[PDB]
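Here you'll find one protein chain in two forms, each presented separately as structure tokens under the names structure 1 and structure 2.
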Structure 1
């Protein structure tokens, strides 16, 4: 049986992928770049703050000073952090709270593998911190998603091998990171976005302990 579940946060635990998108799109437009639509945003999900800005600049076409790059990343984060202040337990996605409870009752370890430096704040807003056995700090890894480092770190922080773990993700970059760690991915979203070569569910209500067991046994 699997011994740990490694959770992405944004777009898995709650709808904050939507807020990252809205904030990046507002930033891009302030600097005269309009290519940041929902289709392009699939390339930004799971990607670090600095890598996200670089992808937006690369889109069209475009270079800024080192000083301006720092200011732009800060401006987006300040806006995003204002947006999330009113997040509460009522915003936890369907199935997630019950899954956390059921995992703890079956002595399965729970670790956060989010690229977001705002992850700990969000878990506190949602009254979820006490369900987590570890949080892998994205500032401590040498390589961010799609590199596997953060998923490997999350597994190791709870004393489990990645190959004894399931990873839950909403993003192309994060699915690749789970694959390359050795853990088993279960995606949430559209196969049009995430691929036809892993198990994918349409929404988080499908993330039950029963289903994770169904998949692991298959």
Structure 2
């Protein structure tokens, strides 16, 4: 039986993506840049905050000093941090609360493996801190998501090897990160984005202790 479950936050535990989208959109509008719609934002995923801001500036061929550049980047983050102040327990994805309860009562380790610099704050706002045994700190991770580093740090933080874990993800890079760490991935989304070689649930309400166990069993080969 697996000894720990490693959680990504966005797309699994809750949604932050919409908040990032709105923040960028507020910055753009603040400096009169138009075109940052739910279409363009799709090109801002898995990209750096610097690269994203640049893409946005390239929309209006807007030039700015390296100074004004860093300040714009900071503004986007401040908007984001302001926007997440209202995150609450109601924002927890379906099935997640019960899964955490079930894992805890089954003595299965729980760890956050997220790039979010606001992970601890967000879990406290959703009232989930007490379920987590460890939070892998994004700033201590040398290589981002595609790399297995963070799932490896998250597993070690709870005293297990990744090979004794299951990783829950909503992104292709995340799925790859889990595979390369040696943990068993179970994605949420659709094969077209995630891949055809892993178990996938359409929505998180299907992430139950019973389902995880059956998947872990049917893995033994």
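C-alpha atoms forming the largest set that superposes within 1.5 Å between two forms make up the rigid core. Numbering follows the first chain given and starts at 1.
- When one rigid part turns against another between structures 1 and 2, the hinge among 115, 177, 14, 112 maps to 14.
- Treated as two rigid parts, the chain shows its smaller part rotated by 27° relative to the larger one between structures 1 and 2, based on C-alpha superpositions.
- On the core-superposed pair, the CA position of residue 64 changes by 8.2 Å between structures 1 and 2.
- On a core-based overlay, residue 190 has a Cα shift of 1.3 Å between structures 1 and 2.
- Its Cα shifted by 2.5 Å, residue 74 is compared between structures 1 and 2 on a rigid core fit.
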